[PDB]
Amino acid sequence: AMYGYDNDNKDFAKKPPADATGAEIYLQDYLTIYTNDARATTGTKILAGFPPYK
Amino acid sequence: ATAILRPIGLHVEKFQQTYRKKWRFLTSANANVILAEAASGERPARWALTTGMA
């Protein structure tokens, strides 16, 4: 998306170079917190939940 | 020695004119899109990137 395709590529018309146009680039990668899933755990369990990441 | 005649040169008349106009223009905000332009005569095939500045 930033730098476009090669001039010989068939998909060249799809994504114009953002470095040339100055357009925006939609960001799609976001943060995700994790915690253990104790539903299938056998024996002792950790039931702490999510940490207060805020 | 009094001078009855002097080198006054030619009778050249110079005119100056000025022209003023005020225009109001409306320009649309075109998107930056890659367009394919086919080869024709001396013109080779080329990719075209439109821009919104009129």
# chains A, B, ... in the order shown; residues from 1 in each chain; ligands from 1

$ select_by_dssp --residues "chain B" --states "strand (DSSP E or B)" --output "list in words"
residues 34, 35, 36, 37, 40, 43, 46, 47, 48 and 49 of chain B

$ write_last_selection --atoms "N, CA, C and O atoms" --output "compact mmCIF listing (two decimals), in the first residue's frame"
# COMPACT_ATOMS: atom_id res chain seq x y z
N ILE B 34 -5.29 5.30 -10.23
CA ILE B 34 -4.43 4.92 -11.35
C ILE B 34 -5.32 4.50 -12.51
O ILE B 34 -6.18 3.62 -12.37
N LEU B 35 -5.11 5.12 -13.67
CA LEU B 35 -5.87 4.83 -14.88
C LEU B 35 -4.92 4.38 -15.98
O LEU B 35 -3.82 4.92 -16.13
N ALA B 36 -5.36 3.39 -16.75
CA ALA B 36 -4.56 2.85 -17.84
C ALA B 36 -4.88 3.60 -19.13
O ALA B 36 -6.04 3.69 -19.53
N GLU B 37 -3.84 4.13 -19.77
CA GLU B 37 -3.96 4.83 -21.04
C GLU B 37 -3.31 3.98 -22.12
O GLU B 37 -2.12 3.67 -22.03
N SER B 40 -1.13 4.82 -28.55
CA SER B 40 -1.74 5.29 -29.80
C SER B 40 -0.71 6.12 -30.54
O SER B 40 -0.31 7.19 -30.05
N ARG B 43 2.50 7.82 -28.94
CA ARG B 43 2.31 7.69 -27.50
C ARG B 43 2.42 6.23 -27.08
O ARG B 43 1.68 5.39 -27.60
N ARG B 46 0.90 3.79 -21.00
CA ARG B 46 1.37 4.40 -19.76
C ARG B 46 0.28 4.32 -18.70
O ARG B 46 -0.91 4.29 -19.01
N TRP B 47 0.72 4.28 -17.44
CA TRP B 47 -0.19 4.39 -16.31
C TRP B 47 -0.32 5.85 -15.90
O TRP B 47 0.66 6.60 -15.88
N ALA B 48 -1.55 6.25 -15.58
CA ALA B 48 -1.88 7.63 -15.27
C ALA B 48 -2.43 7.72 -13.85
O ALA B 48 -3.34 6.97 -13.49
N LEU B 49 -1.88 8.64 -13.07
CA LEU B 49 -2.31 8.89 -11.70
C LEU B 49 -2.97 10.26 -11.65
O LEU B 49 -2.29 11.28 -11.77

$ residues_around --residues "residue A:22" --least-positions-apart "3" --cutoff "12 Å" --atoms "only C-alpha atoms" --output "list in words"
residues 1, 2, 3, 16, 17, 18, 19 and 25 of chain A; 31, 32, 51 and 52 of chain B

$ write_last_selection --atoms "C-alpha atoms" --output "compact mmCIF listing (two decimals), in the first residue's frame"
# COMPACT_ATOMS: atom_id res chain seq x y z
CA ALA A 1 0.00 0.00 0.00
CA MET A 2 2.83 2.41 0.81
CA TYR A 3 4.99 1.91 -2.29
CA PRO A 16 -1.53 3.66 -6.01
CA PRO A 17 1.69 4.53 -4.17
CA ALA A 18 0.83 6.31 -0.94
CA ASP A 19 4.36 7.75 -0.83
CA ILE A 25 -3.45 3.93 4.83
CA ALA B 31 -9.52 10.89 -5.82
CA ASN B 32 -6.00 9.66 -6.57
CA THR B 51 -4.80 14.39 -8.96
CA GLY B 52 -7.43 16.76 -7.63

$ closest_residue --among "A:47, A:13, A:38, A:20" --to "chain B" --atoms "only C-alpha atoms"
A:13

$ closest_residue --among "A:4, A:50, A:9, A:14" --to "chain B" --atoms "only C-alpha atoms"
A:14

$ atom_distance --atom1 "atom CA of residue A:33" --atom2 "atom CA of residue A:52"
10.0 Å

$ closest_residue --among "B:45, B:5, B:54, B:12" --to "residue B:28" --atoms "only C-alpha atoms"
B:54

$ residues_around --residues "residue A:46" --least-positions-apart "6" --cutoff "10 Å" --atoms "only C-alpha atoms" --output "mmCIF file with C-alpha atoms, in the first residue's frame"
data_model
loop_
_atom_site.group_PDB
_atom_site.id
_atom_site.type_symbol
_atom_site.label_atom_id
_atom_site.label_comp_id
_atom_site.auth_asym_id
_atom_site.auth_seq_id
_atom_site.Cartn_x
_atom_site.Cartn_y
_atom_site.Cartn_z
ATOM 1 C CA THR A 35 -5.864 -14.682 29.599
ATOM 2 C CA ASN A 36 -6.048 -18.400 30.297
ATOM 3 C CA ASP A 37 -9.194 -20.361 29.416
ATOM 4 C CA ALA A 38 -9.884 -22.437 32.514
#

$ atom_distance --atom1 "atom CA of residue B:50" --atom2 "atom CA of residue A:21"
9.3 Å

$ atom_distance --atom1 "atom CA of residue B:19" --atom2 "atom CA of residue B:53"
26.6 Å

$ closest_residue --among "B:33, B:26, B:44, B:16" --to "residue A:23" --atoms "only C-alpha atoms"
B:33
